[PDB]
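What follows is a set of notes on a single structure, which appears directly below.
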Amino acid sequence: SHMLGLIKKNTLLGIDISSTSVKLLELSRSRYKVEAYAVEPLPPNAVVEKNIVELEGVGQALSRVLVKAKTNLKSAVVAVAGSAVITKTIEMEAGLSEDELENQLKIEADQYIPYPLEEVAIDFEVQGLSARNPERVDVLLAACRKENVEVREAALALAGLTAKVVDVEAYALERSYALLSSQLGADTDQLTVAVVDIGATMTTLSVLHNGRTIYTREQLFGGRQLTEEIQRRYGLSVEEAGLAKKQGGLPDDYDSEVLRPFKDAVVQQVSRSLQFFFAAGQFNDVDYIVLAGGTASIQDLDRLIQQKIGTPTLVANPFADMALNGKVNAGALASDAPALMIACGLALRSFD
Amino acid sequence: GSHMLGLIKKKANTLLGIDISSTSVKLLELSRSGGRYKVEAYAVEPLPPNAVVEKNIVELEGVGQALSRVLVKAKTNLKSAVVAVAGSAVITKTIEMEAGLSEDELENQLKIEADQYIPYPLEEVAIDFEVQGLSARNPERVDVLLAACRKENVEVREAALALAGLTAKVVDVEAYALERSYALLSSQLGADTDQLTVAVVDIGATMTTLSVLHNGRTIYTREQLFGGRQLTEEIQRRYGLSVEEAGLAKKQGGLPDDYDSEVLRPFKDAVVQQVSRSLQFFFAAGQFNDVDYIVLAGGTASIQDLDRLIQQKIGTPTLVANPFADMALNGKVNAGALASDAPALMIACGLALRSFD
Ligand SMILES: Nc1ncnc2c1ncn2[C@@H]1O[C@H](COP(=O)(O)OP(=O)(O)NP(=O)(O)O)[C@@H](O)[C@H]1O
Ligand SMILES: Nc1ncnc2c1ncn2[C@@H]1O[C@H](COP(=O)(O)OP(=O)(O)NP(=O)(O)O)[C@@H](O)[C@H]1O
Ligand SMILES: [Mg+2]
Ligand SMILES: [Mg+2]
């Protein structure tokens with residue numbers, strides 16, 4: 001049987017399918033090491049909200065991120081939104097094997113989960129015997145619609161990839177966030193930290209106390225508001241405008257007429273997100289603010305946010321202590337670091 | 001399977017590192033938070049004599065209780081553990097098999113055809129394998145790495161763990177565990193473990209093991225019936241002490257003055273002579289003509305200023321193994337006792353380090 005470990009000699013790809021891009025990350029373990037990484041832009045309306053709509057379009061883009069990454073791995077960990085997952089702890093009969101529970105859960109899930117039985121993808125974990133009654137066990141349940149799973153399974157299939165693990169995004173963030181312990185000066189158990197993930201069309205506040213998420217809020221603020229003022233003012237395309245953010249080269253009036261106002265729009269948004277959280281719970285302050293997402297790469301945006309809020313702020317970098325494959329561009333990776341938090345957390349799932 | 005789902009927050013649970021040897025049983029529990037490790041629990045429970053002869057468990061009930069007793073001394077709630085068999089118990093061989101066969105299909109055939117590729121009889125073999133890839137000689141066949149041992153070596157350790165309420169999730173090999181713990185010595189060695197070529201000398205009670213480690217991998221292994229019991233036996237005889245008495249005075253001291261010149265010094269030289277021959281055996285065997293470092297392991301490596309002697313007499317930089325140098329410690333863990341037992345826990349640590357690789 002599989003008690004044997006006579007041979008010392010598995011890693012999975014971290015694939016984050018977003019609305020504007022597909023991100024791939026490969027990790028190894030000894031100390032961690034980045035074997036490969038790539039980001040491939042998506043066609044518009046290919047992924048609306050957190051749902052894949054144009055099936056074949058995502059597949060092609062998924063196929064293109066593989067060649068750009070240039071890897072031989074073919075299994076991957078993908079993530080669904082936490083909004084699609086229902087988590088609850090129920091009581092079931094004791095003395096049942098995991099196979100028996102799984103079967104009964106295929107039969108009787110509709111009673112515990114709001115989704116219609118046909119459409120339920122359920123996951124469970126026996127916590128242990130109920131303290132009250134030795135006849136019953138406490139069973140943790142996490143379920144989502146099979147639609148969320150199958151569409152990602154099919155989308156990965158178009159690139160010859162297989163979904164080894166269907167993870168949840170909030171959990172993957174926690175895993176990669178734990179790698180930030182070095183940069184904060186204490187292990188994350190000590191701290192309550194507000195992670196601000198500033199994407200292209202969405203900004204997310206995630207408060208993590210001792211490593212576990214207590215708060216999540218989302219707003220329609222993002223980096224696309226920055227691009228579209230670049231497109232508009234300078235007559236550049238979506239592709240051209242995006243590079244000008246990284247590469248620069250925009251005329252002198254860029255800072256004062258476009259970038260500085262957007263920074264203020266970021267600061268005001270981060271400020272508003274934090275105020276929503278304070279008035280919604282027991283917490284009166286946060287220890288740190290961690291900027292994540294592509295828009296977090298804006299020069300000295302961390303310093304400005306630190307000023308206007310008064311809370312310690314840093315740009316997320318899960319690859320700070322990691323080693324790098326020679327074929328991985330160290331400069332490119334550093335600039336895309338705060339956008340790879342989710343992709344990093346999915347890749348960290350491989351070692352469990 | 002149908003569960004391709006990772007919707008529930010995995011525990012990512014660790015395992016106990018249990019090193020069952022001929023004279024003692026050692027336990028170690030590890031965790032990690034940042035880049036720094038932490039010793040959650042550890043205890044050592046001595047074994048009855050003739051309970052484990054050579055690398056074989058002989059008294060099943062006797063081993064289990066000492067195993068069960070260590071748990072309590074360590075005071076841990078973990079019930080799953082990693083145990084290790086000796087590399088001398090493992091046959092390693094690379095064979096060619098039909099291509100296009102699944103992992104499941106190959107294992108089924110390997111259970112029947114085990115006898116053909118392995119020295120052991122069909123009924124008494126525990127076989128492990130890994131597909132490497134297409135064979136170079138013939139692209140129609142695949143290379144499969146085999147590692148196998150006698151089923152008895154595994155089963156008695158599983159049953160012995162069961163009697164203490166423990167489960168052997170992983171049956172490891174002692175040499176691999178040594179490699180994992182040896183990596184932690186990067187700080188003390190003044191160089192990365194990936195670069196250096198190091199001869200690790202594990203001086204036990206009844207067994208001495210030489211392991212040459214180049215870039216992290218084992219290339220050489222030689223064993224001798226030389227050990228620290230030779231020192232303990234001389235203490236028993238000359239001063240009328242018991243095995244327990246002799247062992248305690250070995251560490252704590254307080255014996256009469258003639259002990260150094262007539263007992264301790266001759267044994268020290270006997271240690272140096274032993275290490276000398278092993279390295280000479282190794283240089284006159286393989287391609288290597290010299291090594292960068294010598295790492296002393298086993299409780300006998302705790303002998304005061306023994307490290308300098310071996311270092312001076314051989315002419316190679318030498319260090320006493322301590323895998324808990326950079327590690328953090330649980331409050332319930334004796335920081336002083338661990339230090340004195342540090343070099344003896346190389347194998348037990350590597351068994352616990354199995355979870356973090
Ligand atoms: N160096 C940079 N400076 C400023 N902005 C950048 C930089 N690099 C990337 N961006 C912006 O970062 C955004 C992409 O962030 P990313 O986190 O990948 O979004 P997303 O989470 O994939 N999409 P969504 O969450 O659906 O809105 C793009 O709009 C870019 O404009
Ligand atoms: N302070 C000390 N100084 C010198 N020797 C010591 C000291 N403390 C313990 N020892 C001895 O170091 C020896 C090493 O023990 P250890 O290597 O754990 O035994 P073992 O390897 O389990 N048995 P074997 O399989 O025969 O090697 C023990 O026999 C102790 O007698
Ligand atoms: Mg995002
Ligand atoms: Mg030993």
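Identifiers in this document derive from the order of the structure tokens: chains are assigned A, B, ..., residues are numbered from 1 separately in each chain, and ligands are numbered from 1 in order of occurrence.
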Near-residue 254 (chain A) list (10 Å; only C-alpha atoms; drop same-chain fewer than 3 positions) as a CSV table (one decimal) with N, CA, C and O atoms, in the first residue's frame:
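selection14.csv written:
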chain,number,residue,atom,x,y,z
A,229,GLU,N,-8.0,57.0,-19.1
A,229,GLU,CA,-7.6,58.4,-19.2
A,229,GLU,C,-6.3,58.5,-20.0
A,229,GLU,O,-6.1,59.6,-20.6
A,230,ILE,N,-5.5,57.5,-20.0
A,230,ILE,CA,-4.3,57.4,-20.8
A,230,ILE,C,-4.7,57.3,-22.3
A,230,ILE,O,-4.2,58.0,-23.2
A,233,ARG,N,-6.6,60.7,-23.4
A,233,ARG,CA,-5.9,62.0,-23.5
A,233,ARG,C,-4.8,61.9,-24.6
A,233,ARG,O,-4.4,63.0,-25.1
A,234,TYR,N,-4.3,60.7,-24.9
A,234,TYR,CA,-3.2,60.6,-25.8
A,234,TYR,C,-3.4,59.9,-27.1
A,234,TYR,O,-2.5,59.6,-27.9
A,248,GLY,N,6.4,53.8,-19.1
A,248,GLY,CA,6.4,55.3,-19.1
A,248,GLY,C,6.6,55.8,-20.5
A,248,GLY,O,6.3,55.1,-21.5
A,249,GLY,N,7.0,57.1,-20.7
A,249,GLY,CA,7.2,57.7,-22.0
A,249,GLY,C,6.1,58.6,-22.4
A,249,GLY,O,6.2,59.3,-23.4
A,250,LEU,N,5.1,58.7,-21.5
A,250,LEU,CA,4.0,59.7,-21.7
A,250,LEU,C,4.5,61.1,-21.6
A,250,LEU,O,5.4,61.4,-20.8
A,251,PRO,N,3.9,62.1,-22.3
A,251,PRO,CA,4.3,63.5,-22.2
A,251,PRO,C,4.3,64.0,-20.8
A,251,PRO,O,3.7,63.5,-19.9
A,257,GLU,N,-2.0,65.7,-14.7
A,257,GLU,CA,-3.4,65.7,-15.3
A,257,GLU,C,-4.0,64.3,-15.2
A,257,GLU,O,-5.3,64.2,-15.3
A,258,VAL,N,-3.3,63.3,-15.0
A,258,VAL,CA,-3.8,61.9,-15.0
A,258,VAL,C,-3.4,61.1,-13.8
A,258,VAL,O,-4.3,60.6,-13.1
A,259,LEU,N,-2.1,60.9,-13.6
A,259,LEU,CA,-1.7,60.0,-12.5
A,259,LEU,C,-1.9,60.5,-11.1
A,259,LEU,O,-2.4,59.7,-10.3
A,260,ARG,N,-1.6,61.8,-10.8
A,260,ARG,CA,-1.8,62.3,-9.5
A,260,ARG,C,-3.3,62.3,-9.1
A,260,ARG,O,-3.6,62.0,-8.0
- Task: Output the neighbourhood of ligand 4 as number ranges by chain, that is, all protein and nucleic acid residues with some atom at most 8 Å from the ligand, counting only C-alpha atoms and all ligand atoms.
- Result: B: 21, 202-204, 207-209, 298, 344, 347
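Selection of all polymer residues within 8 Å of ligand 3 on the basis of only C-alpha atoms and all ligand atoms gives residues 18, 197, 198, 199, 200, 202, 203, 204, 293, 339 and 342 of chain A.
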Using only N, CA and C atoms, please write the residues we just selected to a file, as a tab-separated table (two decimals), in the first residue's frame.
chain	number	residue	atom	x	y	z
A	18	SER	N	-8.79	35.68	-14.29
A	18	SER	CA	-9.48	36.91	-13.92
A	18	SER	C	-10.29	37.45	-15.09
A	197	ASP	N	-6.41	44.74	-2.46
A	197	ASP	CA	-6.16	44.24	-3.80
A	197	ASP	C	-6.80	45.14	-4.84
A	198	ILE	N	-6.00	45.99	-5.48
A	198	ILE	CA	-6.50	46.93	-6.46
A	198	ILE	C	-6.32	46.41	-7.88
A	199	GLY	N	-7.39	45.84	-8.44
A	199	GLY	CA	-7.34	45.26	-9.77
A	199	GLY	C	-7.61	46.26	-10.87
A	200	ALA	N	-8.12	45.76	-11.99
A	200	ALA	CA	-8.39	46.61	-13.15
A	200	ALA	C	-9.79	47.21	-13.08
A	202	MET	N	-11.92	46.12	-10.25
A	202	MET	CA	-12.40	45.88	-8.90
A	202	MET	C	-11.31	46.03	-7.85
A	203	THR	N	-11.67	46.67	-6.74
A	203	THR	CA	-10.78	46.79	-5.59
A	203	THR	C	-11.38	46.02	-4.42
A	204	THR	N	-10.55	45.22	-3.75
A	204	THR	CA	-11.03	44.38	-2.66
A	204	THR	C	-10.28	44.62	-1.36
A	293	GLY	N	-2.47	43.65	-6.23
A	293	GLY	CA	-3.05	43.94	-7.53
A	293	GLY	C	-2.09	44.73	-8.40
A	339	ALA	N	0.38	41.46	-8.20
A	339	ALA	CA	-0.74	40.95	-8.99
A	339	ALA	C	-0.79	39.43	-8.97
A	342	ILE	N	-2.85	35.85	-5.77
A	342	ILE	CA	-3.80	34.76	-5.95
A	342	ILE	C	-3.15	33.57	-6.66
- Query: So which residues are near ligand 1, meaning at most 7 Å away with only C-alpha atoms and all ligand atoms counted, given back as a list in words?
  - Reply: residues 18, 19, 20, 21, 49, 198, 199, 200, 201, 202, 222, 223, 224, 226, 227, 242, 245, 246, 293, 294, 295, 296, 297, 298, 335, 336 and 339 of chain A
Would you mind listing, for every residue of chain A within 8 Å of chain B, the two atoms forming the shortest contact and the distance between them in Å to one decimal, using only C-alpha atoms, sorted by chain and ascending residue number, as CSV?
residue,atom,partner,partner_atom,distance
A:3,CA,B:170,CA,5.1
A:4,CA,B:171,CA,5.1
A:5,CA,B:172,CA,5.0
A:6,CA,B:147,CA,5.7
A:7,CA,B:147,CA,6.3
A:8,CA,B:176,CA,7.0
A:29,CA,B:357,CA,5.5
A:30,CA,B:357,CA,4.9
A:31,CA,B:35,CA,7.7
A:85,CA,B:7,CA,7.6
A:122,CA,B:5,CA,7.9
A:123,CA,B:7,CA,6.2
A:124,CA,B:8,CA,6.8
A:125,CA,B:8,CA,7.2
A:140,CA,B:8,CA,7.8
A:141,CA,B:8,CA,7.3
A:142,CA,B:7,CA,5.7
A:143,CA,B:7,CA,7.1
A:163,CA,B:4,CA,7.4
A:164,CA,B:4,CA,6.1
A:165,CA,B:4,CA,5.4
A:166,CA,B:5,CA,4.6
A:167,CA,B:6,CA,4.7
A:168,CA,B:7,CA,5.8
A:171,CA,B:9,CA,7.1
A:178,CA,B:34,CA,7.3
A:179,CA,B:34,CA,6.9
A:181,CA,B:34,CA,5.8
A:182,CA,B:34,CA,6.7
A:187,CA,B:34,CA,5.9
A:351,CA,B:357,CA,7.8
A:352,CA,B:12,CA,5.5
Give me a file of those residues, with N, CA, C and O atoms, as a short mmCIF file (atom, residue, chain, number, x, y, z; two decimals), in the first residue's frame.
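File produced: selection10.cif:
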data_model
loop_
_atom_site.label_atom_id
_atom_site.label_comp_id
_atom_site.auth_asym_id
_atom_site.auth_seq_id
_atom_site.Cartn_x
_atom_site.Cartn_y
_atom_site.Cartn_z
N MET A 3 1.96 3.24 2.25
CA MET A 3 2.70 3.59 3.45
C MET A 3 4.16 3.80 3.08
O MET A 3 4.93 4.39 3.83
N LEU A 4 4.51 3.32 1.89
CA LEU A 4 5.89 3.32 1.42
C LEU A 4 6.39 4.69 0.97
O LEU A 4 5.69 5.42 0.27
N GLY A 5 7.61 5.02 1.37
CA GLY A 5 8.27 6.23 0.92
C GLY A 5 9.72 5.93 0.58
O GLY A 5 10.60 6.77 0.77
N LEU A 6 9.95 4.72 0.07
CA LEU A 6 11.30 4.24 -0.22
C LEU A 6 11.99 5.07 -1.30
O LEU A 6 13.22 5.09 -1.39
N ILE A 7 11.20 5.75 -2.13
CA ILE A 7 11.73 6.67 -3.12
C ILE A 7 11.43 8.10 -2.70
O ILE A 7 10.28 8.45 -2.42
N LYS A 8 12.46 8.94 -2.66
CA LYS A 8 12.34 10.30 -2.14
C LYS A 8 11.62 11.26 -3.08
O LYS A 8 11.09 12.28 -2.63
N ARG A 29 9.82 23.36 -4.04
CA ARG A 29 10.07 23.44 -2.61
C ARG A 29 11.28 22.61 -2.18
O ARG A 29 11.54 21.54 -2.73
N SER A 30 12.02 23.12 -1.20
CA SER A 30 13.17 22.40 -0.66
C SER A 30 13.12 22.36 0.87
O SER A 30 13.76 23.17 1.54
N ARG A 31 12.53 26.29 1.71
CA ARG A 31 12.81 27.37 0.77
C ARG A 31 12.06 27.15 -0.54
O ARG A 31 12.07 26.06 -1.10
N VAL A 85 -19.40 29.98 -2.71
CA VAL A 85 -19.26 28.88 -1.76
C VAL A 85 -20.05 29.12 -0.47
O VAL A 85 -19.97 30.18 0.14
N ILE A 122 -20.25 19.39 -3.77
CA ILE A 122 -20.05 19.51 -2.33
C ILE A 122 -18.70 18.94 -1.88
O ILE A 122 -18.19 17.97 -2.45
N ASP A 123 -18.12 19.59 -0.88
CA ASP A 123 -16.88 19.13 -0.26
C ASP A 123 -17.11 19.07 1.24
O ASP A 123 -17.83 19.90 1.80
N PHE A 124 -16.50 18.09 1.90
CA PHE A 124 -16.72 17.93 3.33
C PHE A 124 -15.45 17.56 4.09
O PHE A 124 -14.45 17.17 3.50
N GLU A 125 -15.52 17.71 5.41
CA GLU A 125 -14.42 17.34 6.29
C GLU A 125 -14.95 17.03 7.68
O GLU A 125 -15.55 17.89 8.33
N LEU A 140 -17.99 19.56 8.51
CA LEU A 140 -17.86 20.83 7.82
C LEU A 140 -18.25 20.66 6.35
O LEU A 140 -17.85 19.70 5.71
N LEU A 141 -19.04 21.60 5.84
CA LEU A 141 -19.48 21.53 4.45
C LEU A 141 -19.11 22.78 3.67
O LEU A 141 -19.28 23.90 4.16
N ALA A 142 -18.59 22.59 2.47
CA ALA A 142 -18.33 23.69 1.55
C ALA A 142 -18.81 23.29 0.16
O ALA A 142 -18.31 22.33 -0.42
N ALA A 143 -19.78 24.03 -0.36
CA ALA A 143 -20.40 23.66 -1.63
C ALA A 143 -20.59 24.85 -2.57
O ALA A 143 -20.76 25.99 -2.13
N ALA A 163 -7.70 20.34 -14.18
CA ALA A 163 -7.92 20.98 -12.88
C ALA A 163 -7.75 19.97 -11.75
O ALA A 163 -8.69 19.27 -11.38
N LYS A 164 -6.54 19.91 -11.19
CA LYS A 164 -6.25 19.00 -10.09
C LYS A 164 -6.95 19.44 -8.82
O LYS A 164 -7.41 18.62 -8.03
N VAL A 165 -7.01 20.76 -8.61
CA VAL A 165 -7.64 21.32 -7.42
C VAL A 165 -8.53 22.52 -7.77
O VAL A 165 -8.10 23.43 -8.47
N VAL A 166 -9.76 22.50 -7.27
CA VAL A 166 -10.65 23.65 -7.38
C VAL A 166 -10.70 24.38 -6.03
O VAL A 166 -11.44 23.98 -5.13
N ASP A 167 -9.90 25.43 -5.91
CA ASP A 167 -9.74 26.14 -4.64
C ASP A 167 -10.68 27.34 -4.55
O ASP A 167 -11.38 27.67 -5.51
N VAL A 168 -10.69 27.99 -3.39
CA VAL A 168 -11.46 29.21 -3.20
C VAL A 168 -10.49 30.38 -3.01
O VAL A 168 -9.51 30.27 -2.27
N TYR A 171 -9.06 31.80 0.33
CA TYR A 171 -8.14 30.89 1.01
C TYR A 171 -6.75 30.96 0.39
O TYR A 171 -5.74 30.86 1.10
N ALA A 178 0.85 34.72 3.88
CA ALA A 178 1.69 34.20 4.96
C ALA A 178 3.17 34.30 4.60
O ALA A 178 4.03 34.29 5.47
N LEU A 179 3.46 34.41 3.30
CA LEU A 179 4.83 34.55 2.83
C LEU A 179 5.34 35.97 3.05
O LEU A 179 6.53 36.24 2.89
N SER A 181 5.33 37.46 5.85
CA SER A 181 5.70 37.56 7.26
C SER A 181 7.06 38.23 7.46
O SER A 181 7.24 39.04 8.37
N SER A 182 8.02 37.87 6.61
CA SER A 182 9.36 38.44 6.67
C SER A 182 9.33 39.95 6.53
O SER A 182 9.96 40.68 7.30
N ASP A 187 5.57 37.35 12.32
CA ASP A 187 4.74 36.36 11.67
C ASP A 187 3.31 36.82 11.74
O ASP A 187 2.91 37.49 12.67
N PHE A 351 1.63 21.76 -2.21
CA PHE A 351 2.51 21.15 -1.23
C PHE A 351 1.75 20.65 0.00
O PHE A 351 2.35 20.35 1.03
N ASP A 352 0.43 20.56 -0.12
CA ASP A 352 -0.41 20.06 0.96
C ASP A 352 -0.88 18.64 0.67
O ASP A 352 -1.06 18.26 -0.49
#
- Task: With only C-alpha atoms and all ligand atoms counted, collect every polymer residue having an atom within 9 Å of ligand 2; state the result as JSON, numbers by chain.
- Result: {"B": [19, 20, 21, 22, 23, 24, 25, 26, 46, 52, 53, 54, 55, 202, 203, 204, 205, 206, 207, 208, 209, 225, 226, 227, 228, 229, 230, 231, 232, 246, 247, 248, 249, 250, 251, 252, 253, 297, 298, 299, 300, 301, 302, 303, 304, 340, 341, 343, 344, 345]}
- Within 10 Å of residue 322 (chain A), counting only C-alpha atoms, which residues show up once you throw out same-chain ones fewer than 3 positions away? Write them as a ChimeraX atom specification, please. /A:27-29,31-34,179,317-319
Could you turn the residues from that selection into a file that holds N, CA and C atoms, as a PDB file, in the first residue's frame?
ATOM      1  N   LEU A  27       5.797  26.764  -8.757  1.00  0.00           N
ATOM      2  CA  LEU A  27       6.673  26.798  -7.594  1.00  0.00           C
ATOM      3  C   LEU A  27       7.310  25.440  -7.333  1.00  0.00           C
ATOM      4  N   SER A  28       8.471  25.454  -6.687  1.00  0.00           N
ATOM      5  CA  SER A  28       9.088  24.232  -6.191  1.00  0.00           C
ATOM      6  C   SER A  28       9.457  24.440  -4.728  1.00  0.00           C
ATOM      7  N   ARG A  29       9.822  23.363  -4.041  1.00  0.00           N
ATOM      8  CA  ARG A  29      10.065  23.436  -2.607  1.00  0.00           C
ATOM      9  C   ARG A  29      11.277  22.610  -2.180  1.00  0.00           C
ATOM     10  N   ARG A  31      12.532  26.291   1.713  1.00  0.00           N
ATOM     11  CA  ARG A  31      12.814  27.366   0.769  1.00  0.00           C
ATOM     12  C   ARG A  31      12.065  27.155  -0.542  1.00  0.00           C
ATOM     13  N   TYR A  32      11.419  28.211  -1.025  1.00  0.00           N
ATOM     14  CA  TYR A  32      10.642  28.134  -2.256  1.00  0.00           C
ATOM     15  C   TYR A  32      11.437  28.627  -3.458  1.00  0.00           C
ATOM     16  N   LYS A  33      10.974  28.264  -4.649  1.00  0.00           N
ATOM     17  CA  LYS A  33      11.621  28.680  -5.887  1.00  0.00           C
ATOM     18  C   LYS A  33      10.605  28.857  -7.014  1.00  0.00           C
ATOM     19  N   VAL A  34      10.715  29.970  -7.734  1.00  0.00           N
ATOM     20  CA  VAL A  34       9.838  30.242  -8.865  1.00  0.00           C
ATOM     21  C   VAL A  34      10.409  29.629 -10.140  1.00  0.00           C
ATOM     22  N   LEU A 179       3.456  34.407   3.304  1.00  0.00           N
ATOM     23  CA  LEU A 179       4.829  34.550   2.835  1.00  0.00           C
ATOM     24  C   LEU A 179       5.344  35.971   3.051  1.00  0.00           C
ATOM     25  N   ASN A 317       4.901  41.418  -1.852  1.00  0.00           N
ATOM     26  CA  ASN A 317       5.932  40.735  -2.623  1.00  0.00           C
ATOM     27  C   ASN A 317       6.197  39.341  -2.070  1.00  0.00           C
ATOM     28  N   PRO A 318       5.417  38.352  -2.526  1.00  0.00           N
ATOM     29  CA  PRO A 318       5.579  36.973  -2.054  1.00  0.00           C
ATOM     30  C   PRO A 318       6.841  36.303  -2.601  1.00  0.00           C
ATOM     31  N   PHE A 319       7.541  36.975  -3.511  1.00  0.00           N
ATOM     32  CA  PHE A 319       8.756  36.420  -4.104  1.00  0.00           C
ATOM     33  C   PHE A 319      10.015  37.078  -3.545  1.00  0.00           C
TER      34      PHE A 319
END
- Those of region 78-295 of chain B in DSSP helix (DSSP H, G or I), formatted as a PyMOL selection string: chain B and resi 87-89+103-117+151-162+174-186+229-239+243-251+259-283
Create the file for the chosen residues now, containing C-alpha atoms and written as a short mmCIF file (atom, residue, chain, number, x, y, z; two decimals), in the first residue's frame.
data_model
loop_
_atom_site.label_atom_id
_atom_site.label_comp_id
_atom_site.auth_asym_id
_atom_site.auth_seq_id
_atom_site.Cartn_x
_atom_site.Cartn_y
_atom_site.Cartn_z
CA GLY B 87 19.37 2.14 3.62
CA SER B 88 21.03 -1.25 4.04
CA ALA B 89 17.54 -2.75 4.01
CA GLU B 103 0.37 3.90 -12.74
CA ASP B 104 -2.33 1.61 -11.40
CA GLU B 105 -1.77 -0.96 -14.15
CA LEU B 106 1.98 -1.13 -13.53
CA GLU B 107 1.60 -1.60 -9.78
CA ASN B 108 -0.78 -4.53 -10.30
CA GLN B 109 1.71 -6.25 -12.59
CA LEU B 110 4.59 -5.34 -10.28
CA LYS B 111 2.95 -7.21 -7.41
CA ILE B 112 3.09 -10.43 -9.42
CA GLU B 113 6.38 -9.90 -11.25
CA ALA B 114 8.23 -8.48 -8.23
CA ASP B 115 10.23 -11.70 -7.87
CA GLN B 116 11.81 -11.25 -11.31
CA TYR B 117 13.47 -7.91 -10.58
CA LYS B 151 7.85 -6.52 4.26
CA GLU B 152 8.76 -7.50 7.83
CA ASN B 153 10.90 -4.38 8.32
CA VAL B 154 7.84 -2.23 7.66
CA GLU B 155 5.08 -4.27 9.32
CA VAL B 156 6.70 -4.61 12.75
CA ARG B 157 7.18 -0.83 12.87
CA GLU B 158 3.54 -0.32 11.90
CA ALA B 159 2.27 -2.76 14.52
CA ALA B 160 4.62 -1.31 17.15
CA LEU B 161 3.28 2.17 16.43
CA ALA B 162 -0.27 0.81 16.63
CA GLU B 174 17.18 6.81 7.22
CA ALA B 175 19.61 8.20 4.63
CA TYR B 176 17.05 10.57 3.10
CA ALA B 177 16.08 11.95 6.51
CA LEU B 178 19.74 12.68 7.21
CA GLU B 179 19.86 14.73 4.00
CA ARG B 180 16.90 16.86 5.07
CA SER B 181 18.39 17.67 8.48
CA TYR B 182 21.83 18.17 6.93
CA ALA B 183 20.42 21.04 4.87
CA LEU B 184 19.71 23.02 8.04
CA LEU B 185 23.44 23.16 8.80
CA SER B 186 23.93 25.77 6.06
CA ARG B 229 28.76 1.82 24.07
CA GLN B 230 32.46 0.94 23.92
CA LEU B 231 32.98 3.97 26.14
CA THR B 232 30.06 3.07 28.41
CA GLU B 233 31.25 -0.53 28.74
CA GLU B 234 34.67 0.64 29.91
CA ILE B 235 32.99 2.87 32.50
CA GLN B 236 30.89 -0.03 33.81
CA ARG B 237 33.83 -2.38 34.26
CA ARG B 238 36.43 -0.05 35.76
CA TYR B 239 34.21 1.66 38.33
CA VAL B 243 24.66 0.71 32.10
CA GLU B 244 22.38 3.46 33.39
CA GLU B 245 25.00 4.73 35.85
CA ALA B 246 27.78 4.67 33.25
CA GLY B 247 25.63 6.52 30.73
CA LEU B 248 24.64 9.28 33.15
CA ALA B 249 28.23 9.82 34.27
CA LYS B 250 29.18 9.93 30.59
CA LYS B 251 27.30 13.22 30.20
CA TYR B 259 38.99 8.41 34.01
CA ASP B 260 40.48 10.84 31.48
CA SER B 261 43.87 9.21 30.88
CA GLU B 262 42.94 5.53 31.05
CA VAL B 263 39.40 5.45 29.64
CA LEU B 264 38.31 8.62 27.84
CA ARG B 265 41.53 9.39 25.95
CA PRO B 266 41.97 5.86 24.53
CA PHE B 267 38.37 5.91 23.30
CA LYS B 268 38.84 9.34 21.71
CA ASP B 269 41.80 7.97 19.77
CA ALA B 270 39.72 4.91 18.89
CA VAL B 271 37.12 7.30 17.46
CA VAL B 272 39.71 9.20 15.42
CA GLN B 273 41.20 5.97 14.07
CA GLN B 274 37.74 4.82 13.01
CA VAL B 275 36.80 8.03 11.18
CA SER B 276 40.24 8.05 9.56
CA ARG B 277 39.87 4.61 7.97
CA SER B 278 36.35 5.35 6.70
CA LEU B 279 37.47 8.50 4.89
CA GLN B 280 40.50 6.66 3.53
CA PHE B 281 38.15 3.92 2.35
CA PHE B 282 36.05 6.57 0.63
CA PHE B 283 38.89 8.48 -1.06
#
